[PDB]
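Q:
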Amino acid sequence: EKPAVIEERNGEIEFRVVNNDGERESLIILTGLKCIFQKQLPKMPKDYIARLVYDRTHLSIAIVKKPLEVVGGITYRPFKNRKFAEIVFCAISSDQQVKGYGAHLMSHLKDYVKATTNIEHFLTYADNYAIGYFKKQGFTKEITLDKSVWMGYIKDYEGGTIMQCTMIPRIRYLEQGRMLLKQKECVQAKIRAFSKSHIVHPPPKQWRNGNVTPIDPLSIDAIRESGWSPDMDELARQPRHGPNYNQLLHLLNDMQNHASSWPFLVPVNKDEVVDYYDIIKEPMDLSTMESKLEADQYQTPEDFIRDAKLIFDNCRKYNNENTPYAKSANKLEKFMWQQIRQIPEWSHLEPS
Amino acid sequence: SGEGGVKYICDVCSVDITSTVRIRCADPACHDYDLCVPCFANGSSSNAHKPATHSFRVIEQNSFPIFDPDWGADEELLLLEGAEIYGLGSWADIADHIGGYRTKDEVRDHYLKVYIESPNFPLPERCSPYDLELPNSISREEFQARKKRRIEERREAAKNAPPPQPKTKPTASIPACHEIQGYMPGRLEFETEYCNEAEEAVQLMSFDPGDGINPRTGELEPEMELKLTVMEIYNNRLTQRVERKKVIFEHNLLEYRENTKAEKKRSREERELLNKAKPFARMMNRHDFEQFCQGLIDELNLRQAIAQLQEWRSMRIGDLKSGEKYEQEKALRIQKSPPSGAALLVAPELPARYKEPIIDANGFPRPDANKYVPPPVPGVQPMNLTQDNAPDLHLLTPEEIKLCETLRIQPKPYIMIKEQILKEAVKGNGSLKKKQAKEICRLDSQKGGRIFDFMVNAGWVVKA
Amino acid sequence: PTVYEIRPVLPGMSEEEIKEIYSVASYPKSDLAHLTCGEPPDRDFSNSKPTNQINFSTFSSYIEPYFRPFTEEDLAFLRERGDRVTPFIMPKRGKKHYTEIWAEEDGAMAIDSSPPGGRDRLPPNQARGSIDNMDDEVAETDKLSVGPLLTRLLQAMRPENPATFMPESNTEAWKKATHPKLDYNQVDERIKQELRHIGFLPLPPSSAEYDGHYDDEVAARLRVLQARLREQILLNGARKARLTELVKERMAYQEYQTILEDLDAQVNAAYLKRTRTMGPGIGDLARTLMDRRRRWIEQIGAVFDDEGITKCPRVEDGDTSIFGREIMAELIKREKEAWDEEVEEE
Amino acid sequence: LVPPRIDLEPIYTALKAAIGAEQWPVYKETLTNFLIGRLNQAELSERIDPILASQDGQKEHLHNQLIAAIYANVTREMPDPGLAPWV
């Protein structure tokens, strides 16, 4: 149990669900949430946040201290007839963030919505630095909902990244820990009921005389009953992704987090501009290269380096050097060269 | 590495042995000394390991079905461990961690069927560990061969699989799909509202932490009440916005094209009248406003038509057809020097909806406010009767005009014959002989016969 | 030990068990959903949106006329009933044909097209000839008549499917009777006297407009339309009277709101300065404006407590028409009374 | 030489009884208006046919009888001037 759980049990904190009815406590809680959200999202205008939080159709789940002090909360607008809800804000005060209230708050919100209505899917426009939190809380960047369900209903947010989470029916997320632990305990007990690793077999009969020679694993009765095969033994050492998947994932997360790679986040639309495809015969963006990497089409790091260089070249080709597009492209080039230089392996691939 | 797992490396060959069958030395002299099967097969020893007189344990990978025939113990354990780490629901990462090229859909369905949606509860499987039917049903070798074949086939397919299509630009909702700059039909909200500057007074409001009630008086402290009083006005502004929207939705004021076209089609005076009557829509529903406007238009059209007919009657025009002809000729003359309601009311055939009182006799307005055939005599060719030819046509009954046409006789001679026959019959109690009527008519025998039969059938005379 | 699933909710359950279900230890009481303008129509908006929107300025200017405040200028549109004398006149057939008056601008009268049978402009209404001249050849020509009054009397009969059986005529004594020989100009006078005796015609002045063509085909249409117009004017008057009844209370509410809003603005702007300067005690002005606002609201606004002063009746609710027959009947009766009084004055 | 008039009291009393004093004023007004020459056959029929409708057919017969009496009296004595007392 994390500190949040014990604080809740002992009454240190407490959750409240409040809407703009017009009472006294509701207004205080809503104003506190408004202040926190304004603090955490300085880019968006304050009037927009004030209008959204104080609306009569949105809800709000907040965590309130004993002397009526609000630490954090979430806002959402449920579309009851469409079987999905939109999350419009989320934040926790920086000073109190270290405690780890985010998981507990998300679990409470999911449980409340599950036990009060019949919604299934959550759609949100995640921030550029909350993607890790959202991913750890079950969300995914891939959308499995039809275009008709959520088009014209939710609102776009420039600089966001849409995500979707499908709740698992008839589970209690608050008690996820104990339930999952008991399931794991039963699985482990079942495995132990058959595992033969507890038997201390004597040394190999071939080695009993003091001579050590190669022995076929299948010859030994225990190993033979274990089903060991050379094919599986050699196969189990091959990771699913590429051996450099982790390092390239670090680099990709670093570049996506970087505010200098915003223009390349999504591809250019054919409707908005017509000459973009006519001028560039190899239009490349971060999404396309990421998908191709997922396909393992990039056999060598030279492929990724060339893809980045060609992205920069296309950006400079379609947009003039004087315009900020090409300057930002060159700055992002200086940035990925910085990151590569931080990697000794790829430092030698920079041309003169 | 973000993964919280532990990587196990052999103490001789320095090769990962976490996901493979290995052998560990059980001698106390060796602590956490793991030997890979090749190491314990080739017998490469290091440190204090003695492969000659020290017992060893065999670490099995636990490769056999337990819950699902297509899934083994290792895959289920990885599933649950990822749920612990990646969280229960983030299916992509957990599926990748498990391995076996099980797409997120297959992993999701497997977990659902085995743990969430099953004939089972958080105590897994049927009853207890004592049930060992599935493990003995299929030998380990067969399952391993099937797994190897499936993995090889999937790897070959992926190598030969087509490249993924590049992601298109994300499908932005763009709620402005309505035919109006700044309207969101899916949310029923405008982008620029009635008093969009109403937030300018409450977008900087902050509240003292933990306050709300005076520690001494028990009443809200002055600053608190002043702050509260400036939220009531904001709520009232929101309510006014809502009422304005509610009025807008009714009457279909969101159809610019239809309303503009209908307004264009109308004439000048009707347009002025509608523009004058526009403001009162707020107090009525759709049907009431439609009835109001239609009544005004009907009154105007009736006035125009009555004036037109009064103008006609003074020029000696004695029929609607000639009236229209004269109007056309007057248009042509004034040039020398679809039809409107006023042009429909004066048509030779009146509209159906003008043949019954609008408000009935007892003062309650209506809810919807706004024959003897004479045979054709031989050698008789009927002649059409025209208002210009027949002077007194407008008096003959419908049952007699057909006879007049069929008999080739003008109205006034027919009336004179009727009068003479009536006098002759009445003089003698009303009974007369057929030759009597034949002589009285003073025409061909068939004509007099037919007129006499018509009269006797009518009942104004009796045959002797 | 603990329950692993979510218990479903049930109606009319205790608050503590509600919080047990929810686990959030609170919840809103009023869902506030009744203030929704209406549930989204639940459609498929994925259809390609139009590429030509109309500037919001044009739409705002288009809907502005529907929401302007009521004024005495538009309180006179209604309360006006129009003209009610000229439409109800019945002119007689004119003398000069339209062609002649048209020709009365140049030398176009040289041609006379007087109908040969329409001499004296009255082809009808002139008895001529007798049964002696009746002939098959002449039967096709309207050279013989019987006079207007006799024609009207004879055509007054109706054909059914004898009617000349007189009470005492069956006697041979009546059979022996003789008669004189009158003429149409005398028969018409005799019939006039007879109908005078019966009572179907007015008694003569204390001591017949057949040339006006008052039954013409145009006259029937004119009478029909005059009836329709007199029918419609009363209904219009009733509707306008009801609208007058509502507009006055609406105006009173306008006059109250226009003074409430000024106090709202003053109390709102007397606090922004506190945030601006960031201060200290609440000012005397800010203390005494709140009491004034609350006094005004709580006392005066009680008069307007009726819910209909700010709402627009909806069709979906049912018979929400403000033109119910039970009141339209009385409004129409009062309007008819006023019309009769005006006619008597006029 | 001129024969006597024909009694008319019964022929009119029967008509008044048959029509019914309820709808009688409309019938009288329409008939007098048509006689004066302010209607056409269409309007007169439209206005009077409902009043004279019957299954036994003793209303149209009385109407025709009254008209025939009025016409046939033409060749008899001139009555005493003034509205008849029996009205």
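Chains as they are written, first to last, in UniProt numbering: chain A, 54 to 405; chain B, 12 to 348, 373 to 405, 426 to 519; chain C, 264 to 424, 493 to 538, 564 to 635, 664 to 730; chain D, 54 to 140.
Built from N, CA and C at the ideal position, the CB exists for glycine as well.
(1) Cβ atoms of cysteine 188(B) and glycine 213(A): under 9 angstroms apart, would you say?
(2) Of all the residues that make up the stretch 623 to 634 of chain C, which are near chain B by a beta-carbon distance shorter than 9 angstroms?
(3) Is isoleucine 364(C) helix, strand or coil when you go by DSSP?
(4) For the stretch 290 to 308 of chain B and the stretch 692 to 706 of chain C, state whether three or more C-beta atom pairs, one from each stretch, are separated by less than 8 angstroms.
(5) Contact between the stretch 159 to 177 of chain A and the stretch 275 to 286 of chain C: three or more CB pairs below 8 angstroms?
(6) Does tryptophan 102(B) pass the burial test, meaning 16 or more other C-beta atoms within 10 Å, or should it be called exposed?
(7) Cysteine 696(C) and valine 258(B): beta carbons closer than 9 angstroms?
(8) Is it right to say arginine 698(C) is buried, meaning 16 or more other beta carbons lie within 10 angstroms of its own, or is it exposed?
(9) Just checking my contact of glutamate 268(C) with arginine 369(A) at CB under 8 angstroms: how many whole Å lie between their CB atoms?
(10) Do you know whose CA, among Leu318(A), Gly85(A) and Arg104(A), lies nearest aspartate 338(A)'s CA?
(11) Check whether the stretch 329 to 339 of chain B touches the stretch 519 to 535 of chain C, counting contact only when three or more Cβ pairs, one atom from each stretch, lie closer than 8 angstroms.
(12) Where does the unbroken alpha helix (DSSP H) through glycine 126(A) begin, and where does it stop?
(13) Fully enclosed by the UniProt domain "SWIRM" (431 to 519) of chain B, which beta strand (DSSP E) runs are 3 residues long or longer?
(14) Entirely within the UniProt domain "N-acetyltransferase" (66 to 221) of chain A and at least 4 residues each: give me those alpha helix (DSSP H) ranges in chain order.
(15) With DSSP as the reference, please indicate the residues paired to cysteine 36(B) in a beta bridge.
(16) Could you pull the start and end residues of the alpha helix (DSSP H) that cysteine 206(B) belongs to?
(17) Looking only at its own chain, which residues have a Cβ that is under 7 angstroms from the Cβ of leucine 83(A), when we skip the five neighbours before and after it?
(18) Within 9 angstroms of any Cβ in chain A, is that where the Cβ of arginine 248(B) sits?
(19) Return the CA-CA distance between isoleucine 66(A) and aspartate 120(B), expressed in angstroms with no decimal places.
(20) If you run the structure through DSSP and keep just helix, strand and coil, what is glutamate 340(B)?
(21) Taking only runs of the alpha helix (DSSP H) that begin and end inside the stretch 252 to 305 of chain B, which ones reach a length of at least 4 residues, in chain order?
(22) Just the C-alpha distance for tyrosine 226(A) and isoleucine 116(A), rounded to the nearest angstrom, thanks.
(23) Does any heavy atom of the ligand ADP sit closer than 8 angstroms to the C-beta of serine 25(B)?
(24) Between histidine 510(C) and chain D, is any beta-carbon pair separated by less than 9 angstroms?
(25) If we cut at 9 angstroms on Cβ distances, does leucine 532(C) have a partner in chain D?
(26) Which residues in the same chain as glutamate 76(A) place their Cβ atom closer than 7 angstroms to its Cβ, once the five residues preceding and following it in sequence are excluded?
(27) Quick one: what's got a C-beta closer than 6 angstroms to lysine 596(C)'s C-beta in the same chain, skipping five residues either side?
(28) Might you give, ordered along the chain, the residues of its own chain that have their beta carbon closer than 8 angstroms to the beta carbon of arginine 261(A), omitting 5 neighbours on each side?
(29) Given that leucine 121(A) touches chain C, what residues does it touch there, using C-beta distances under 9 angstroms?
(30) Tell me whether the beta-carbon of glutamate 164(B) lies closer than 9 angstroms to the beta-carbon of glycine 280(A).
(31) Using a cut-off of 8 angstroms between C-beta atoms, extract the partners of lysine 473(B) located in chain C.
(32) With a Cβ-Cβ cutoff of 9 angstroms, do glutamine 217(A) and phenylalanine 192(A) count as a contact?
(33) State the Cα-Cα distance for the pair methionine 285(A) and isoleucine 244(A), rounded to the nearest angstrom.
(34) Mind checking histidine 116(D): buried by the 16 CB within 10 Å criterion, or exposed?
(35) By the 8 angstroms beta-carbon criterion, what residues does the stretch 116 to 129 of chain D contribute toward chain C?
(36) If we define contact as Cβ-Cβ less than 9 angstroms, is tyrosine 206(A) a contact residue for chain C?
A: So, from the listed chains and residues:
(1) no
(2) Within the stretch 623 to 634 of chain C, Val623, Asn624, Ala625, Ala626, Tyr627, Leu628, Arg630 and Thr631 place their CB atoms closer than 9 angstroms to a CB of chain B, listed in sequence order.
(3) helix
(4) yes
(5) yes
(6) buried
(7) yes
(8) Per the 10 Å Cβ criterion, exposed.
(9) Not a contact, Cβ separation roughly 58 angstroms.
(10) Minimum Cα distance to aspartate 338(A) is reached at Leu318(A).
(11) Under the 8 angstroms Cβ criterion, the stretch 329 to 339 of chain B does not count as touching the stretch 519 to 535 of chain C, having fewer than three qualifying pairs.
(12) Per DSSP, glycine 126(A) belongs to no alpha helix (DSSP H); it is in the beta strand (DSSP E), 123 to 132.
(13) none
(14) 78 to 93, 99 to 106, 154 to 169 and 184 to 189
(15) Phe67(B)
(16) Here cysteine 206(B) belongs to no alpha helix (DSSP H), and DSSP marks it neither H nor E.
(17) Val71, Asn73, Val106, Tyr107 and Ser113, listed in sequence order.
(18) no
(19) 38 angstroms
(20) In the displayed model, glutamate 340(B) falls within a helix according to three-state DSSP.
(21) 267 to 276 and 279 to 288
(22) 17 angstroms
(23) No copy of the ligand ADP appears in this structure; indeed no ligand is present at all.
(24) When Cβ-Cβ separations below 9 angstroms define contact, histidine 510(C) makes contact with chain D.
(25) The C-beta of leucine 532(C) comes closer than 9 angstroms to at least one C-beta of chain D.
(26) none
(27) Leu341
(28) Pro255
(29) What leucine 121(A) touches in chain C: nothing, since even the nearest Cβ is about 13 angstroms away.
(30) Not a contact, by the Cβ cut-off of 9 angstroms.
(31) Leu417
(32) yes
(33) 20 angstroms
(34) Buried, since its Cβ has 16 or more Cβ neighbours within 10 Å.
(35) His116, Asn117, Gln118, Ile120, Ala121, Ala122, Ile123, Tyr124, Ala125, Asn126, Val127 and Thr128
(36) yes
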